[PDB]
Amino acid sequence: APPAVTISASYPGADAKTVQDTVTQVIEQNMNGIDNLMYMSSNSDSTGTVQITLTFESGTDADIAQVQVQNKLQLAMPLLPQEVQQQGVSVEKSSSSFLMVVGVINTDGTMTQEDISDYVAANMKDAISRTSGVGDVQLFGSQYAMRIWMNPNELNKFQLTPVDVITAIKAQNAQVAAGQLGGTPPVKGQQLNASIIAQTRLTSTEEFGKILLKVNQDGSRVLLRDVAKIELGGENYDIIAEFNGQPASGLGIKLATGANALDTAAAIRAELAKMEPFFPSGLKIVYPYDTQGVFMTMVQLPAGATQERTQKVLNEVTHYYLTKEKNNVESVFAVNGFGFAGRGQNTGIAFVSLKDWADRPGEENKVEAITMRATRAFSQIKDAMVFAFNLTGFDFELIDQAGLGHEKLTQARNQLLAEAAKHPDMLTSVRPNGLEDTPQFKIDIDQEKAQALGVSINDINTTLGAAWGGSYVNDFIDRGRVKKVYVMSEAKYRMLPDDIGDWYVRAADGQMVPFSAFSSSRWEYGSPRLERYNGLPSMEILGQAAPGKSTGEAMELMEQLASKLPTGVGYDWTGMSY
Amino acid sequence: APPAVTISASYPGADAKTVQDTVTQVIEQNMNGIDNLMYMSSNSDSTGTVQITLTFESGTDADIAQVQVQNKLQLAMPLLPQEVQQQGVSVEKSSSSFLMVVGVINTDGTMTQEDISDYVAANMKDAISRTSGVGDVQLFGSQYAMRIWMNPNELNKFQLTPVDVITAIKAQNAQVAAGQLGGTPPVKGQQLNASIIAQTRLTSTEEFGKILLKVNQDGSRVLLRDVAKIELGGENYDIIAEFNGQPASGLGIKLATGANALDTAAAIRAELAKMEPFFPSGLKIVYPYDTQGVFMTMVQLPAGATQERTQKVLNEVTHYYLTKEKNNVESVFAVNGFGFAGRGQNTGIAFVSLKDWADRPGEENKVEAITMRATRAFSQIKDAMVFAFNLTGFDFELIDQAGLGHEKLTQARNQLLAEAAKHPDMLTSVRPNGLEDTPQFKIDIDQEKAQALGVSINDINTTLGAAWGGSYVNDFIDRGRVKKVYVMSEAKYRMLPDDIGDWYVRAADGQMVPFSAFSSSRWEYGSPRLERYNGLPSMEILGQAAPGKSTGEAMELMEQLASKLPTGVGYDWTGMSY
Amino acid sequence: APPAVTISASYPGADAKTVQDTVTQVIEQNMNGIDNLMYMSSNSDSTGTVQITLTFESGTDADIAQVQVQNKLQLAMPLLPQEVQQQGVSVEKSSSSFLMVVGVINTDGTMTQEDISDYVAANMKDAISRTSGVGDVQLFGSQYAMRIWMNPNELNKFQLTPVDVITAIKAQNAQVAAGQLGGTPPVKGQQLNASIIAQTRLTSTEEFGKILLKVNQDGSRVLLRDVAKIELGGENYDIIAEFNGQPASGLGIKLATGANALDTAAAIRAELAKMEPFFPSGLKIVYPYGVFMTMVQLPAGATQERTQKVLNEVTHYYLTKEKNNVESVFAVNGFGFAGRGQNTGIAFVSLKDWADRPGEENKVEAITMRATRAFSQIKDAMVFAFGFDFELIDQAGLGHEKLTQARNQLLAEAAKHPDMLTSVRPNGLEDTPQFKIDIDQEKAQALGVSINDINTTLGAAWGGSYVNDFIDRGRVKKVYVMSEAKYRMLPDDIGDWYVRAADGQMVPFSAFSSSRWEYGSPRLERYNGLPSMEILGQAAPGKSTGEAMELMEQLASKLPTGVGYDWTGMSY
Amino acid sequence: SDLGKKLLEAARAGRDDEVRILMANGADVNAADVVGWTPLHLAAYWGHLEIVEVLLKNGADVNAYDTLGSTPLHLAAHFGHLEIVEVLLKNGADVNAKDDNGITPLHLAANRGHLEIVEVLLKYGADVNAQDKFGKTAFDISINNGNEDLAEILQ
Ligand SMILES: C[C@H]1COc2c(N3CCN(C)CC3)c(F)cc3c(=O)c(C(=O)O)cn1c23
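Going by the header, the method for this PDB entry is X-ray crystallography, and the resolution given is 2.7000 Å.

Structure (structure tokens):
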């Protein structure tokens with residue numbers, strides 16, 4: 001196991017290339033002068049997420065490795081966009097596998113999936129994250145935020161725009177340093193000394209609805225609730241969890257590099273015991289995964305597959321264990337939106353815990369046989385890569401070494417994949433590891449029409465970005481905890497391309513201008529996940545050697561096939577082939 | 001002893017809750033990925049200060065712990081407010097006690113307490129800071145800052161607000177990068193190369209005084225000295241010191257964890273010798289605390305106590321050693337505004353130095369007996385904790401486990417104290433370690449009236465904050481050294497509630513609007529210091545066992561009455577109870 | 001050899017005092033709580049560059065020091081100006097050695113040093129930094145930067161200022177997050193989910209040239225190329241590297257502690273041998289450093305061009321009269337030691353194998369003696385081919401002007417004892433003429449001209465401004481806005497730069513500013529946090545060093561009040 | 001001139017014996033550097049009185065001005081070199097010389113509070129009503145600087 005350090009940033013509402021060229025490349029260009037560095041890979045997906053992974057030689061002091069990487073990241077922190085820094089860039093040194101999974105359900109059905117997710121993040125996640133030996137904690141859900149769901153019809157009715165909503169929230173949901181009376185240095189002999197308390201951060205949906213946006217000239221008030229629905233809601237709605245079909249949430253805990261698995265797992269149970277007596281009624285802790293006893297089932301769909309389509313594949317997987325393998329399976333913890341290879345709408349993962357070793361006599365009831373039948377049952381699922389494993393091949397990287405561009409690296413990958421198909425004697429199931437380009441909406445802002453109308457570019461980009469992608473504004477206090485405040489359009493008005501024309505921006509002269517008046521759009525394709533290897537654009541390709549022939553022969557054939565690709569395309573071996 | 005790391009941040013003019021809800025919680029929520037962390041505690045005070053103390057397991061490398069905490073906070077820096085960042089945060093490994101104290105007095109009397117403090121900061125602190133094994137340097141005083149003491153009556157006469165003052169100071173106290181003439185790339189045949197010098201930072205009150213704020217319609221000009229008094233003064237006026245009852249400043253020297261005690265000390269003494277030849281006339285270095293021979297005297301008053309009352313307790317303590325133990329006490333270095341625990345307008349400390357051991361003969365004159373007699377003499381000072389000690393109960397933390405709030409946690413704390421008072425056969429001196437709530441001045445900005453008059457909220461919050469709390473604008477050069485510029489109201493106009501209405505803010509139509517038009521105020525009770533333990537709101541409770549019973553029974557009892565506390569109130573042991 | 005740590009920062013377009021009082025001091029004030037620190041010294045110079053060097057006790061872990069130093073610096077990053085944070089503040093162990101210096105030229109003469117440097121940055125530097133056993137790598141130049149060379153005459157013609165050009169670039173060279181169609185949470189049953197793509201980074205000079213600055217009230221449009229010249233250039237032009245008279249770039253490669261030198265040297269040459277098939281036509285790799293150097297330093301105020309003519313005469317001398325011995329002459333215009341600038345330079349000479357250098361006249365000593373004697377008669381330029389360390393401290397806030405007078409008092413007294421002291425001289429630079437311009441606030445406010453508009457107009461045009469990033473052939477690179485050289489050379493060019501007031505009228509710089517000549521330092525030194533001036537020297541023949549040091553201590557004991565001293569370097 | 005450059009650097013550094021040999025060797029008394037500063041300029045700027053005297057005896061232009069219109073009397077009045085201001089005025093320096101900003105030596109002395117120099121300048125006929133390019137006299141400088149001692153000298 002080679003020690004690895006991972007950098008993870010987030011950019012809400014950002015596409016893969018926007019994330020790549022404002023966050024990923026900036027961080028990568030400063031990742032030199034780091035000792036015992038073997039290679040470095042990164043993913044920038046349309047989730048608004050970047051995950052740079054830095055792998056080191058065996059024996060490298062993971063503590064020191066983290067400091068060096070973190071220390072080089074500081075060179076790029078001021079260069080990153082403000083919206084990225086506000087999410088909190090993280091560097092962590094952990095294994096990529098899960099040590100265990102802590103599940104949380106509500107036996108009384110008193111709490112929705114969202115409610116359970118927020119309680120775990122607000123009352124449970126931090127104490128587990130600070131526990132020694134815990135490298136990374138993945139929440140299966142998202143902490144609540146103050147969600148402002150804007151209505152563009154009502155916003156246009158009062159000559160308002162998401163910019164005005166954002167400005168009002170920063171002004172009225174503020175924490176003010178107001179000073180004192182009788183503060184030092186005082187007039188000699190002062191007796192009264194009291195702190196001055198001015199605006200405090202709002203704490204409820206009722207308070208956020210009270211936020212005064214404007215006073216009409218006739219005297220009536222237009223509040224935030226008059227142009228928006230205000231509710232507690234998750235920071236994002238991309239990770240849902242189920243335990244035996246019932247609503248649940250949990251934390252995926254990976255072990256820190258070099259820590260003890262038994263001692264850290266025991267320290268986590270001790271910390272969970274400190275919070276159980278103060279749970280709300282109905283809440284309960286369950287342990288669906290503990291590291292034979294267990295295995296996982298990875299579900300990966302094509303790019304562009306929604307959370308709806310992924311839930312049905314997960315439903316078939318959970319149905320298989322609950323019906324056909326019910327004599328051996330105790331629980332199934334299904335997670336939609338989070339997967340083995342990361343996080344995305346088109347991925348999923350099922351944690352399966354078998355019943356006791358004693359009540360599964362016979363070899364066909366053992367872990368390999370159960371996973372063996374499971375994958376065979378999942379063989380014929382359409383448009384889905386569904387396999388189960390307990391936990392030969394090669395790891396191939398196709399690099400754009402002459403700045404050819406993403407589209408030409410795709411063709412160079414297809415030409416290599418086609419030539420690998422004509423050699424079944426040597427190469428078996430050569431396929432890419434990433435995602436395929438999907439349709440995307442390309443909108444063009446006419447600078448001349450914007451300037452001719454008096455509509456500023458910042459007003460345009462803020463309106464479009466906040467309504468259609470969501471904008472993190474500031475913080476608020478929810479039951480004594482600091483949480484985020486997000487501003488976004490109500491789902492109703494950000495679903496179809498015609499909804500773009502329903503969004504208005506106020507010009508300098510005061511007239512509302514519809515988004516259709518200064519923009520144009522067309523369909524095009526673009527990557528939902530851009531890969532990079534050692535700083536340059538890459539496309540990971542994986543396969544295994546044919547029956548009986550060693551890996552060095554398959555690698556030698558792959559090297560020969562790859563040298564016939566167009567000029568500027570190179571290659572390198574990573575992971576298990578390094 | 002378990003190594004501990006403390007984080008220090010400050011927010012000028014901010015109250016306890018503002019500080020906690022904007023700085024403390026944000027830092028605490030990012031203290032994950034830290035190895036070998038036992039527990040975490042924090043304080044957020046009405047001085048505008050946070051101190052988060054992270055205690056690590058025994059045998060932990062304090063260097064690694066500090067590095068890991070330093071790097072985590074670096075990532076959380078963009079999540080903190082600009083005002084806290086401009087103050088600079090500190091992460092320090094060190095013990096709680098001082099290694100030595102370097103006092104500085106002025107025999108000539110040409111330098112007051114304020115000037116002595118500025119000299120030690122501007123000419124001694126930084127060099128002592130870089131010395132071998134000195135972890136924490138505490139200045140008993142404040143470095144000078146360019147103090148702008150605004151007058152609200154003059155500002156209203158020229159239709160100006162503190163926003164205009166802060167804007168003009170940033171514009172006319174600037175260090176401008178202006179490039180070069182004949183710089184690269186140059187036209188060929190160029191024979192001249194010279195740096196362009198635009199505006200340089202100001203160096204004197206005279207320069208700040210002629211900062212042009214605005215020119216009137218009749219040609220007359222309004223300078224900064226026409227609306228304010230321009231003087232040199234401390235960044236803060238919180239801490240002042242005295243050596244044998246005469247004006248003094250000094251440096252509190254803490255040993256960095258793991259450093260040698262003596263060889264450090266000699267290095268401080270070595271660097272001090274390099275400074276003495278260039279002292280002004282009258283300045284002299286005295287050594288009031290050198291670690292038998294010395295002891296300390298703690299003075300703690302309840303919250304809501306001013307420096308005047310604290311100074312009264314200090315004089316009584318100083319007068320005791322200088323009169324009734326003059327045969328034994330060589331000198332007394334007393335500080336007000338700084339106690340052993342931390343900072344506070346209600347706290348103080350006195351470093352007592354004895355005469356040579358040989359000159360005090362017998363058991364009656366050694367540090368043990370002298371501290372016993374002193375504590376006995378100070379025990380009847382009313383409304384003050386005064387103890388004397390050189391260099392065994394329990395340490396209890398009451399935890400808010402279910403988002404109850406500060407007020408509900410206070411009632412639960414009082415409930416546990418009342419029940420512990422009914423067992424004098426078991427626990428005695430059951431007391432909270434923190435502070436009680438004090439009257440504070442809640443002021444509400446009416447948003448509707450502010451918008452009807454056309455008065456910006458940020459103009460209102462800046463006018464209120466900068467005047468009554470102070471505002472760090474930018475830096476200037478005082479005798480070749482970078483120092484701060486502070487904007488604040490003159491004492492006169494920020495002492496009692498009626499003065500709130502004396503402050504005017506300019507509306508969009510140029511009209512001056514008094515604070516009384518859009519505000520309303522009331523007295524209420526809030527906390528001057530908010531405690532947290534392991535990320536959750538907490539209240540430290542101290543105590544000990546009754547005569548002739550082991551703390552185990554004592555501890556066991558405390559656990560039992562904590563069980564009868566209201567729903568959502570937890571508990572935890574810390575300190576030497578852990 | 002005592003370990004050391006170097007903090008390097010950059011403030012583009014800043015004068016020496018500007019960098020010291022906004023960067024150097026703030027960092028020095030935060031160097032507290034660092035273990036095993038012997039002393040600290042720093043430079044702040046003409047070019048907006050500071051290098052704070054903290055040297056540590058012998059036996060101190062250089063890695064622990066580097067981490068301890070950078071942690072305290074990073075926590076002080078919010079206290080430095082935004083322009084300094086953008087350029088990056090590096091903290092690298094000054095464990096100097098340079099395993100080898102690799103040069104890159106092109107035989108066809110079809111590439112500028114800017115063109116070559118960009119290739120090395122994009123195609124070589126990273127793959128070299130990844131080869132077995134290499135440490136830090138410094139490139140002789142920079143990658144491409146989108147250079148906007150403004151013209152104030154056309155800018156004034158359309159009532160535009162550099163502020164408008166910077167505003168336009170940030171608006172029209174932006175990578176904006178725009179969200180999704182049918183994104184979570186959706187209306188249940190939604191089928192369409194596509195990412196919204198709005199503005200992307202510009203990628204070419206053509207796309208920057210079509211940035212819309214404004215449209216007149218008649219139909220005409222004015223674009224960025226209408227008021228500026230666009231080109232792919234370098235980020236700064238303070239260095240001009242040459243190899244045998246040809247434009248050059250390359251890498252300086254240091255070895256990572258614990259690795260082997262013969263190993264890594266062969267691993268680098270093998271990694272370079274693989275790249276040659278991928279080189280454009282004519283790109284060759286040289287190894288410019290049986291070697292020696294030649295220093296070039298012109299009077300104060302000399303230009304980069306005048307330093308080049310002297311460096312060309314030096315390169316010519318070695319390639320002509322020493323053609324039997326000299327193999328290569330790598331000339332660096334703008335870099336020397338004790339100070340970088342337009343009036344300084346250095347030349348690195350590589351000679352043929354000693355096995356083919358028969359005769360004592362062909363040994364390096366006889367080559368430098370001959371070179372130094374021929375360079376003796378170079379008009380208005382010092383050119384040499386090829387003790388104790390004293391620091392005079394400002395101990396009572398006296399100032400630079402008085403600390404110079406105290407230095408001259410010690411230097412004069414030291415010349416009174418040539419029997420014990422010889423070659424007592426300052427190591428730093430002398431005060432040079434500088435162009436002080438005074439903004440009149442009353443006239444600016446009377447005319448309605450914003451102070452920020454003034455200081456940005458002046459600074460961006462005359463010093464350059466790093467606006468934002470762009471994508472050049474798939475790589476993130478910088479965008480710089482600056483005046484075309486023709487309009488930022490001489491004081492009369494100031495009157496050509498116009499700022500726009502609130503009422504819309506263009507106000508020239510001459511209307512609200514005054515200018516004078518004065519003297520200031522192009523390189524301010526500091527020792528242990530206080531202003532300093534380094535003084536070198538040596539004992540006279542027949543005298544021990546400690547004999548000379550005590551006389552210096554005696555002479556320093558009579559300097560004006562508030563002036564102290566310390567021993568550093570090899571005298572510590 | 002090669003000698004003129006050695007004279008400028010010697011006058012800049014206050015080397016009176018090197019300046020004397022350069023004068024006897026025929027160096028240009030009025031050699032100017034790139035900014036337009038003569039040896040009298042730098043000796044007046046750096047307060048080298050006898051270098052100012054030796055230069056004037058050998059025919060130095062007392063009223064030479066640089067590329068921005070500043071005379072040696074300007075620099076001497078600006079930097080508190082009282083004795084040099086007197087010998088310049090005695091050798092016929094223009095007391096009312098203006099630079100390109102219309103700024104007179106009286107303005108420079110008033111700006112820095114060189115009161116002794118202000119009296120010597122007005123004794124030699126300095127126009128106290130002299131305005132610069134912004135219309136500010138030496139009296140306006142005293143009011144803006146808050147220098148009351150100067151404000152009563154000018155009355
Ligand atoms: C920063 C300095 C470091 O020293 C340099 C060299 N060395 C001289 C011989 N040894 C002392 C080894 C180091 C060198 F050969 C070339 C260059 C060079 O081209 C260069 C540049 O910016 O273009 C800058 N530098 C160089």
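Novice: I would appreciate a short explanation of the pairing of strand β14 (residues 246-255) of chain A in the present structure.
Specialist: Looking along a regular strand, one sees side chains alternate from face to face of the sheet. Residues and elements named next belong to chain A. Counting buried positions along β14 gives eight out of 10 residues, so the element sits mostly inside the fold. Bridging between strand β5 (residues 100-106) and β14 involves six bridges; their strand directions are antiparallel. By the bridge assignment for β14, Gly103 is matched with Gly250. Here five bridges tie strand β6 (residues 134-139) to β14, and the two strands are oriented antiparallel to one another. Along β14, the bridge assignment pairs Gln138 with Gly252. Bridge analysis of strand β13 (residues 240-243) against β14 gives three bridges, and the strand direction is antiparallel. Note that in β14 the partner of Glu242 across the bridge is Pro247. Between β13 and β14, which pair antiparallel in sequence order, lie two residues; one of them, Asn244, sits at a positive phi of approximately 55°.

Novice: Would you mind going over the domain arrangement of chain A with me for this structure?
Specialist: One widely used convention gives an interface's size as the accessible area the parts lose upon coming together. Residues and elements named next belong to chain A. Assigned domains within chain A: domain 1 (1-97), domain 2 (98-143 + 235-292), domain 3 (144-234 + 437-527), domain 4 (293-391) and domain 5 (392-436 + 528-578). Inter-centroid distance (C-alpha atoms) of domain 1 to domain 3 is 31 Å. Taken residue by residue, the interface counts six residues in domain 1 and six residues in domain 3. Between domain 1 and domain 3 lies a buried interface of about 430 Å² when both sides are counted; carbon and sulfur atoms form 44% of it. Together, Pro12, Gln86 and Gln87 form the three largest contributors to the area buried by domain 1 at its contact with domain 3, with a combined 70%. In this assembly, domain 1 and domain 3 are joined by one residue pair in polar contact. Of the residues contributing to the side of domain 1 that touches domain 3, the split by class is two nonpolar, four polar and no charged.

Novice: Would you take a moment to explain the site of the ligand for this structure?
Specialist: Residue and element names in this part refer to chain C. Close to the ligand lie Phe98, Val101, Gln138, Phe140, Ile239, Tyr289, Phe330, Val332, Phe335 and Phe348. Here the ligand, which alone exposes 510 Å², has 79% of that area covered by the protein. Its residues assigned to classes, the shell around the ligand comprises nine nonpolar, one polar and no charged. Both of domain 2 (98-143 + 235-289) and domain 4 (290-386) provide at least three residues apiece to the shell around the ligand.

Novice: Please clarify how the interface of chain B and chain C should be interpreted in this entry.
Specialist: Contact with chain B, which involves 60 residues of that partner, is made by 71 residues of chain C. In total, chain B and chain C occlude about 5800 Å² of area from one another, counting both sides; carbon and sulfur atoms represent 53% of this. If you sort the residues of chain B by the area they bury against chain C, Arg130(B), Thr184(B) and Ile197(B) come out on top, with a joint share of 13%. Inspection of the chain B/chain C interface yields two salt bridges. Taking the shortest distance from any N to any O, the salt bridge between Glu442(C) and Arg221(B) comes out at 2.6 Å. Taken together, the links from chain B to chain C amount to 29 residue pairs in polar contact. For the side of chain B that touches chain C, the class distribution of residues is 25 nonpolar, 25 polar and 10 charged.

Novice: Where do I start with the pattern of salt bridges in this structure?
Specialist: When charged atoms on two side chains of opposite charge get close, those side chains can pair. Applying the stated criterion to the full structure yields 66 salt bridges over all chains. In this structure, the salt-bridge partner of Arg532(A) is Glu28(A), at a minimum N-O distance of 3.1 Å. Here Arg532(A) falls in the buried class, since its relative accessible area comes to 4%. A relative accessible area of 7% means that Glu28(A) is categorised as buried. Note that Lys478(C) is salt-bridged to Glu235(C), the shortest N-O span being 3.6 Å. The exposure class assigned to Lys478(C) is buried, which follows from its relative accessible area of 15%. A network of salt bridges, in which partner residues are shared, links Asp118(B), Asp478(B), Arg479(B) and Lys483(B).

Novice: What should I look at first to understand the interface of chain C and chain D in this one?
Specialist: Chain C puts 20 residues into the contact, and the matching count from chain D is 20 residues. Surface buried jointly by chain C and chain D totals about 1600 Å² across both partners, of which 57% is contributed by carbon and sulfur atoms. Counting across the interface, chain C meets chain D through two salt bridges. Put simply, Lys5(D) and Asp380(C) hold a salt bridge, and the shortest N to O gap is 2.6 Å. Where chain C touches chain D, the interface holds eight residue pairs in polar contact.

Novice: Would you mind showing me how to read the packing of aromatic side chains here?
Specialist: All names here are of chain B. Tallied over the full model, the rule gives 72 aromatic pairs over all chains. Where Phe340 meets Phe389, the ring centres are 6.3 Å apart and the plane angle is 35°; that geometry is what we call tilted. Within this pair, whereas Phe340 is found in the loop between β17 (329-338) and β18 (343-354), its partner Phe389 is found in strand β19 (residues 385-389), the two being separated by 49 residues in sequence. Since its relative accessible area comes to 39%, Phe340 is described here as partly exposed. Ring centres of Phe394 and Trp573 lie 5.9 Å apart, and the angle between their planes is 80°; on these two criteria the pair is classed as edge-to-face.

Novice: Looking at this model, I keep getting lost on helix α13 (residues 457-468) of chain B. Mind explaining?
Specialist: Quick reminder: α-helices carry 3.6 residues per turn. Residues three or four places apart thus point the same way. All names here are of chain B. The end-to-end C-alpha distance of α13, which contains 12 residues, comes to 16 Å, matching closely the 16 Å that a straight helix rising 1.5 Å per residue would cover. For α13, a buried count of nine out of 12 residues is recorded, marking the element as mostly surrounded by other parts of the structure. The set of residues buried in α13 consists of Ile457, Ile460, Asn461, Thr463, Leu464, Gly465, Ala466, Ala467 and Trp468. If you check the start of α13, you find a side-chain oxygen 3.1 Å away from the backbone N of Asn458, and it comes from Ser456. Positive phi shows up at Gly470, right after α13, with a value of about 100°.

Novice: How should the sheet that holds strand β28 (residues 513-520) of chain C be read in this particular structure?
Specialist: Backbone hydrogen bonds are what pair the strands of a sheet, in a parallel or an antiparallel way. With mixed pairing, four strands are arranged side by side in an open sheet as β8(B)-β9(B)-β23(C)-β28(C). The open sheet is flanked by β8 (177-181) of chain B together with β28 of chain C, the only strands paired with a single partner. Strand-to-strand twist across the sheet, computed as the mean angle between neighbouring axes with direction ignored, equals 30°. Taken together, the eight bridges between strand β23 (residues 432-439) of chain C and β28(C) define a ladder with antiparallel strand orientation. Bridge pairing in β28(C) links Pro433(C) to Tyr519(C). Running over the sheet, helix α13 (residues 451-463) of chain C touches β8 and β9 (194-197) of chain B together with β23 of chain C and is turned about 40° from β8(B).

Novice: Would you take a moment to explain the nonpolar core for this structure?
Specialist: Generally speaking, nonpolar side chains in soluble globular proteins are found buried as a group. Counting 59 residues, the largest nonpolar core has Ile148(C), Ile169(C), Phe208(C), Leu224(C), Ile437(C), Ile454(C) and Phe509(C) as the members making the most contacts within it. Considering each element in turn, this core owes the most residues, six residues, to α13(C). Other than its neighbours up to four places away in sequence, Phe509(C) contacts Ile437(C), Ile454(C), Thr457(C), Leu458(C), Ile494(C), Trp497(C) and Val499(C). Listed in part, the 50 residues of the second largest apolar core include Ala178(A), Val473(B), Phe476(B) and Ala507(B).

Novice: When you look at unusual backbone geometry in this model, what are you seeing that I'm missing?
Specialist: As a rule of thumb, non-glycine residues mostly have phi less than zero, and peptide bonds are mostly trans rather than cis. Following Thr184(A), the chain continues to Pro185(A) via a peptide bond in cis, the omega torsion being -5°. Structurally, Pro185(A) is set in the loop between β8 (177-181) and β9 (194-197). Phi is positive for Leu391(A), close to 60°, though the residue is something other than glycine. Here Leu391(A) lies in the loop between β19 (385-389) and β20 (393-400). The exposure class of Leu391(A) is exposed, given its relative accessible area of 64%. Phi is positive for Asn36(C), which is not a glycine, with a value near 65°. One can find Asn36(C) in the loop between α1 (16-28) and β2 (37-45).

Novice: Quick question: what am I supposed to make of the packing of helix α7 (residues 162-172) of chain A against helix α14 (residues 457-469) of chain A here?
Specialist: Each pair of packed helices can be described by the angle between their axes along with the distance between the axes. Residues and elements named next belong to chain A. The contact between α7 and α14 brings their axes to 8 Å, and the two run at 85°. Relative to α14, α7 is oriented roughly perpendicular. Here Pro162, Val163 and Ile166 of α7 come into contact with α14, specifically with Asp459, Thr462, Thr463 and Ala466. Split into classes, the residues belonging to the contact of α7 with α14 amount to four nonpolar, two polar and one charged.

Novice: Which parts of the structure should I look at to understand the side chain of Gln441(C)?
Specialist: Mapped onto the secondary structure, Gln441(C) falls in helix α12 (residues 441-447). For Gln441(C), a relative accessible area of 12% gives the class buried.

Novice: Could you clarify how one ought to interpret a negative patch on the surface in this entry?
Specialist: Residue and element names in this part refer to chain D. A cluster of acidic residues, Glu116, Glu119, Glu148, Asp149 and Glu152, forms a negative patch on the protein surface. Sort the elements by how many residues they give to the negative patch and helix α10 (residues 148-154) lands first, with three residues. Looking at the element boundaries, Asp149 is found in helix α10.

Definitions and limits used
Residues numbered from 1 in each chain as written, not as in the entry; some residues may be left out. Chains lettered and ligands numbered in written order. Part of a larger assembly, values for the part shown. Heavy atoms only, no water. Buried < 20%, exposed > 50% of the residue type's maximum accessible area, 1.4 Å probe, protein only. Helix = DSSP H or I, 4+ residues; strand = E, 2+ residues; numbered from the N terminus. Pairing = 2+ DSSP bridges. Domains from an automatic or database assignment. Contact = heavy atoms within 4.5 Å. Buried area = accessible area lost by both parts, 1.4 Å probe. Polar contact = N/O pair within 3.5 Å; in protein donor to acceptor, adjacent residues only side chain to side chain. Nonpolar A, V, L, I, M, F, W, Y, C, P; charged D, E, K, R; others polar. Near = heavy atom within 4 Å. Areas by Shrake-Rupley, 256 points an atom, 1.4 Å probe, with all protein chains shown as cover. Salt bridge = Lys/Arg side-chain N within 4 Å of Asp/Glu carboxyl O. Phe/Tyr/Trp six-rings, centres within 6.5 Å; stacked < 30°, edge-to-face > 60°. Expected span 1.5 Å × (residues − 1). Axes fitted to C-alpha atoms, helices over the stretch in contact; angles between N-to-C directions. Core = buried A, V, L, I, M, F, W, Y, C linked by side-chain atoms within 4.5 Å. Parallel < 35°, antiparallel > 145°, perpendicular 65-115°, else oblique. Patch = residues over 30% accessible without salt bridge, like charges linked within 9 Å, V, L, I, M, F, W, Y side chains within 5 Å. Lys, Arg positive; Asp, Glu negative; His and termini not counted. Charge placed at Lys NZ, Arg CZ, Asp CG, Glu CD.

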